[PDB]
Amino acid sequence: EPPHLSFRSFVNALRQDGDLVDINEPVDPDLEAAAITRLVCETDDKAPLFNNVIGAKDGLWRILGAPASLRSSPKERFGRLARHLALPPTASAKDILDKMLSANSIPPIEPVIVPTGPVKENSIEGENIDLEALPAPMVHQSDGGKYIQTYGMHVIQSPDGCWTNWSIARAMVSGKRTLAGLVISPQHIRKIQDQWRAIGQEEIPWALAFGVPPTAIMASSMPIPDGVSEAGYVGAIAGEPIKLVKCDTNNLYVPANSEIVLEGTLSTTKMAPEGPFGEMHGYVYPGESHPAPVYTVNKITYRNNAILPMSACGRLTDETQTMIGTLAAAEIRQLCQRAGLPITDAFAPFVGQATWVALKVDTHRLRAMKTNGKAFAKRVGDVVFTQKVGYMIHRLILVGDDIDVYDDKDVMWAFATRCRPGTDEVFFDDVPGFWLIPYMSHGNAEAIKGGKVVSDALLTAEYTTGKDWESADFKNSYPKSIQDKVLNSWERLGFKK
């Protein structure tokens, strides 16, 4: 199976690319594996594959850190993400987001069923399960538990049987047979939990699959539409079906070549202390647990030489900024286009810590729409901040089509020089607000409401008569004849290539 369709084939692709370190020395899953991974993420180094985790037994487990973090080569910065998606290692951020959006305009390719696969090579069942005896990592020193679940796919199906959702949500080991993890509004795992709650089900069939096909984990992190089963969307991205096998203990289906599958139930009735957890915004709050739903594990199936993927998330740059913000930005682009707004591109600048999205405006179309920044900024916020895809994003920055929204430097330049603070901003006090941001849950106003802004970083003339400045930069303040002279002289004179 190709790398985008098999986690094991993806790991070997990173090895072939020289983007993987095989660590064969013993590494402790209590902090050491995550500390190595954290420093990889903070330095854009090669992904670490821990082949000798202390406490591993009977094939459970190796650990892959930083599975979708950045490479240090500028020309292949996004290559570990590209290897999730059948793209070359030189793919741009736009190429990745365009590929993830490509399935929203074409028929799903429905999964196919196989009778077995590598995920059935080994099993542990019932009273033989002891989750506290497995090498689940301690990911940050002040976490409230061992976060086994930082890069697996939760599988949960609606009561009518017709919608099966795939998504990432954190979970930690809470006991011999239990996890606790976030099941928050407005996420689909919570929407489906509440559908079951409403018909009186206490324990919902559930599976959690680790080391799924890489296209599948990318869709699991993307807010594709309500009621759309990720499996068919993934098939459409890949141009071929995902091969699924039925769980042994329930009627759910998991990718046949998953590394590790947990089969069990998600409760509607029981919660347990969950967290704290070093999170996507770069914070942990020591001692601060909150109740979250209980998952019960009834069977584990796994591949020979199974690998658990791990996101050691926190300060820049890890999967929470390369995937959560960016895939939300992709869906916000789509939503703005479907609302009729003249948006060509969107990205989640790394500087914004997954809380900002920059929206690139087709200014020719903007001028034809005969509006103004104050009206336009309010309309954009009303469109985006009242939808699920806008939930995690607190600042939208509108920029014209001379700004590369995929380049944080261009976004900051435009923000700092084109948006008059206050005057050119529309603030949103009444929309859902993302409590996990420290200025929300640990701030001065309601943790779950408001705290959002649309920043109009289009200059006034961009709405009316057009761009009337020239950038004071090498590209725009010198004619081509002068630029060519300089570029042809540069290295001969003694300047750096």
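Numbering starts at 1 and follows the sequence shown.
Comparing the deposited coordinates for 335-343 and 101-109, the stretch with the larger average C-alpha B-factor is 101-109. Relative to one another, 216-224 and 422-430 have unequal mean CA B-factors, and 422-430 is the one with the higher figure.
Listed residues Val27, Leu436, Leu64, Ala68 were ranked by CA B-factor as deposited; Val27 comes out on top.
Taking only the listed residues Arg80, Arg190, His154, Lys176, the entry reports the highest CA temperature factor at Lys176.
In the PDB entry, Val454 places in the lowest third of its chain by CA B-factor. Per-chain ranking of the deposited C-alpha B factor places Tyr478 in the highest third. Per the deposited record, the Cα B-factor of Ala13 falls in the lowest third when ranked against the other modelled residues of its chain. Compared with the other modelled residues of the chain, the Cα B-factor recorded for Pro115 ranks in the highest third. The entry lists a Cα temperature factor for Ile260 that places it in the lowest third of the chain's modelled residues.
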